Amino acid sequence: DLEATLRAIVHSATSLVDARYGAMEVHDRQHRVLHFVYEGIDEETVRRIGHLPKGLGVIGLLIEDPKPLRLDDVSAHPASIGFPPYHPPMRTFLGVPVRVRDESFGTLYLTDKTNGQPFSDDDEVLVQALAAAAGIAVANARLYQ
Amino acid sequence: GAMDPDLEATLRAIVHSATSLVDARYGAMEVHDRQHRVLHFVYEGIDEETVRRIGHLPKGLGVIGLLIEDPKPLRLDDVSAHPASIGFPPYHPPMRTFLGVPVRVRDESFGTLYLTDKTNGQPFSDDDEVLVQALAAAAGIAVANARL
Ligand code: HEM
Ligand code: HEM
Ligand SMILES: [Ca+2]
């Protein structure tokens, strides 16, 4: 199960960096969301947010220009779209492409590192390594699909 | 044959992250084929001239073999003092502290990941162990899914 694999990867990034929230979006070539897996948010809150993300704002930027982006305050970025109603507030941000050499498929991202601290270069490098493994898994899934 | 380029990039990244984050002097991964045979060996911490002097690549012997018969993390404070230790070959840096884990997906085994000589002279920690286990699990995903 690809979804399972992806969630495991999200868990490793979130727990190892010690971020409150972690997510991964995987899209098709027309940027429709194929998979969205996450942790750190309770189910009642999920229900309140309602609609799934479409990959806009800073995530949209990460799709257009796939390279790591680390932010002290995600809302202060010029490409920030803002959160929908009921979405938990989130401040610090680290996002990287999930990809292989031939193609990028998605974005693995974390917010609100513990104790208000910004994401570090070490965190960036770690999340890239985890994302790479995801990238191979997704590339295999397409070949299989 | 050479490893798949994406696989190789991914495994080198995982080895680098593990080595950096547990503050090890040396880190390495063996990728295995059938019957736990070493197929590829990825490492960092050793200069090219020393690699030349050592010559032959590891067969995955000694303490590294325990990672396969006992699929659990192994930490040791003096690796070459272990009775299963085969010893270092000529020109190989001496190494003391060791943290090793199997690389797996479910029960299926794909290699080993291991680090030596934490830079502060200290033993590898519980946190180091958890981190290296998670990175090994990611390496397992990478190897299992790699382009044939
Ligand atoms: C728990 C992990 C999550 C993280 C780390 C996260 C992070 C983010 C971030 C960083 C933004 C950027 C807004 C901007 O550009 O200013 C965003 C927007 C958004 N989020 Fe989340 N989020 C999470 C969970 C969820 C869930 C569970 C949902 C709904 C089920 C959701 C729905 C949305 C929507 C609809 C947007 C607006 C932009 C878009 O449509 O992509 N988020 N989120
Ligand atoms: C830089 C990361 C490396 C680490 C962490 C590492 C670690 C180890 C350890 C702990 C042992 C002893 C096992 C025992 O006594 O049971 C060993 C043995 C050995 N090493 Fe390394 N080593 C590294 C690099 C290399 C390189 C670059 C070479 C060759 C160019 C090499 C060749 C060997 C060989 C031939 C043995 C003998 C056992 C066998 O063949 O498996 N090592 N290594
Ligand atoms: Ca302990």
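Here is how names work: the chains are called A, B, and so on, in the same order as the sequence lines, proteins then strands, and each is numbered from 1. What's counted below: heavy atoms across the whole structure, side chains too, no hydrogens, waters or symmetry copies.
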Quick one: are [X] and [Y] in side-chain contact, heavy atoms under 4.5 Å?
X: B:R96; Y: B:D77; value: no
X: A:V26; Y: A:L2; value: no
X: B:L115; Y: B:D128; value: no
X: B:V38; Y: B:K59; value: no
X: A:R48; Y: A:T45; value: yes
X: B:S109; Y: B:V103; value: no
X: A:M24; Y: A:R7; value: no
X: B:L67; Y: B:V101; value: no

Shortest non-hydrogen contact between [X] and [Y], atoms and distance:
X: A:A19; Y: A:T111; answer: CB-O, 3.5 Å
X: B:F124; Y: B:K118; answer: CZ-N, 3.5 Å
X: B:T10; Y: A:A129; answer: CG2-O, 4.4 Å
X: B:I141; Y: A:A137; answer: CG2-CB, 4.0 Å
X: A:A133; Y: A:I9; answer: CB-CD1, 4.3 Å

With a sphere of 6.0 Å drawn around [atom1] of [X], does it hold more than 12 non-hydrogen atoms of other residues, nucleotides or ligands?
X: A:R29; atom1: CZ; answer: no
X: A:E43; atom1: CD; answer: yes
X: B:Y91; atom1: OH; answer: no
X: A:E64; atom1: CD; answer: no

Okay, side chain of [X], backbone of [Y]: is any donor-acceptor separation there less than 3.5 Å?
X: A:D112; Y: A:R20; answer: no
X: B:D47; Y: B:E49; answer: yes
X: A:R99; Y: A:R101; answer: yes
X: A:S80; Y: A:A76; answer: no
X: A:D28; Y: A:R32; answer: yes
X: A:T114; Y: A:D18; answer: yes

Problem - Stepwise side chain to side chain contact (heavy atoms under 4.5 Å, CB included) test for A:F93 and A:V58 - result: CA-CA 10 Å; A:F93 172 90; A:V58 293; 4.2 Å; yes
Rounded to the nearest 0.5 Å, what's the gap from [atom1] on [X] to [atom2] on [Y]? Could you check?
X: B:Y26; Y: B:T97; atom1: OH; atom2: OG1; value: 10.5 Å
X: B:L66; Y: B:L76; atom1: CG; atom2: CG; value: 8.0 Å
X: B:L7; Y: B:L11; atom1: CG; atom2: CG; value: 4.0 Å
X: B:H32; Y: B:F41; atom1: NE2; atom2: CZ; value: 10.0 Å
X: B:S125; Y: B:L99; atom1: OG; atom2: CG; value: 8.5 Å
X: A:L56; Y: A:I81; atom1: CG; atom2: CD1; value: 4.5 Å

Problem - Chi angles and distances behind the side chain to side chain contact (heavy atoms under 4.5 Å, CB included) call for A:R142, A:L34 - result: CA-CA 11 Å; A:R142 312 231 159 165; A:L34 295 171; 3.5 Å; yes
For residues [X] and [Y]: do they belong to one hydrophobic cluster (side chain heavy atoms under 4.5 Å, members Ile, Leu, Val, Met, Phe, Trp, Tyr)?
X: A:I63; Y: A:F105; value: no
X: B:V22; Y: B:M95; value: no
X: B:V105; Y: A:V138; value: yes
X: B:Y114; Y: B:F88; value: yes

Exercise for the section: Tell me yes or no: between the side chains of A:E39 and A:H11, is some donor less than 3.5 Å from an acceptor? Expected result: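 The criterion, which ignores hydrogens and geometry beyond distance, is satisfied for A:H11 and A:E39.
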Practice task
Tell me yes or no: between the side chains of A:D73 and A:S75, is some donor less than 3.5 Å from an acceptor?
Solution key: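 Note: A:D73 and A:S75 side chains meet the donor-acceptor criterion.
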Practice task
Kindly determine whether A:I41 and A:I49 satisfy side chain to side chain contact (heavy atoms under 4.5 Å, CB included), including the steps that lead there.
Solution key: CA-CA 11 Å; A:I41 183 172; A:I49 303 173; 3.5 Å; yes
Handout entry: All salt bridge (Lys or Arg N to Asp or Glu O under 4.0 Å) counterparts of B:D70, not counting sequence neighbours
Key =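 Not a single residue meets the salt bridge (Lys or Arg N to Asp or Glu O under 4.0 Å) criterion with B:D70.
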Practice task
Check the pair B:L113 / B:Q133 against side chain to side chain contact (heavy atoms under 4.5 Å, CB included), numbers first and verdict last.
Solution key: CA-CA 9 Å; B:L113 169 63; B:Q133 279 183 303; over 6 Å; no
Practice task
Start with the C-alpha gap between B:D126 and B:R75, add the side-chain angles, then the distance that decides, and say whether salt bridge (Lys or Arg N to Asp or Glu O under 4.0 Å) holds.
Solution key: CA-CA 10 Å; B:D126 299 354; B:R75 274 181 280 165; 2.9 Å; yes
